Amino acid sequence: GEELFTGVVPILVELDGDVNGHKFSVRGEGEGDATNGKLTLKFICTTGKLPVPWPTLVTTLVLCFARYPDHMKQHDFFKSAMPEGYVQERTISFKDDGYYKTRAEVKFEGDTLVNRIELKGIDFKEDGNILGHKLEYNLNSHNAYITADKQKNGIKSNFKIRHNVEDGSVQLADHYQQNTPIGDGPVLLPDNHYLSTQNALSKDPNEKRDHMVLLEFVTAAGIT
């Protein structure tokens, strides 16, 4: 459980994706510090040009690194599933456009926390904001409420993500999410609470490949 996260942990992210038949792969490397709720990673599209904007993949590309304060450590489902891990599944519906469906496993493989994802995207517009590459390279802060899913011995959450469009409007992405443990040990089913998230997206001046440098802070709150 929580003892796996007392220091900095190396992270590996692997994604295989297919959006309107455009196949692509992403690999990410970095580290996570759950006491700061900090993540730092660099992602590379290993198959060439990424056919979707990098900010639409952030939520898909490790909530076990959220900073849970001490009065709330009994509600940290994500860390209590470790080392065996959990499955994280989402449908992400982009207003006036297509949707993603994602399945991931998050678990320890030795010293490394691994997020392995399959993503499918369906019914996108070739001239819309996603396949047309019309989103700003940023991602603003969002809050997501976590509720226990007693039936599946896990949690669920749904929340909207507001992507800035380059013409000054906003593109909504409606997230529904379901997490279930991989093992069968005891897990902490939480009271209702939320996670607050901030992101900073940048570029490596030396990196010639399509890529994203990412800093993220995730902190838990909402219980008193």
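The first residue of the shown sequence is 1; numbering continues from there.
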Query raised in the report: Relative to the deposited sequence, how many residues with no modelled coordinates occur between residue 61 and residue 62 (none, 1 to 3, 4 to 9, 10 or more)?
Result: 1 to 3
**Report entry** Stretch with the higher entry mean CA B-factor, where the candidates are 146-154 and 81-89
**Finding:** 146-154
Requested in this report: Mind pulling up the entry and telling me whether 195-203 or 180-188 has the higher mean Cα temperature factor?
Outcome: 180-188
Query raised in the report: If you rank every modelled residue in this chain by C-alpha B factor, which third holds residue 121: lowest, middle or highest?
Result: middle
Query raised in the report: Ranked by Cα temperature factor within the chain, is residue 57 in the lowest third, the middle third or the highest third?
Result: lowest
Query raised in the report: residue 41's Cα B-factor: lowest, middle or highest third of the chain?
Result: lowest
**Report entry** residue 160, C-alpha B-factor rank within chain (lowest, middle or highest third)
**Finding:** lowest
Query - residue 72 - which third its CA temperature factor falls in, relative to the rest of the chain - result: highest
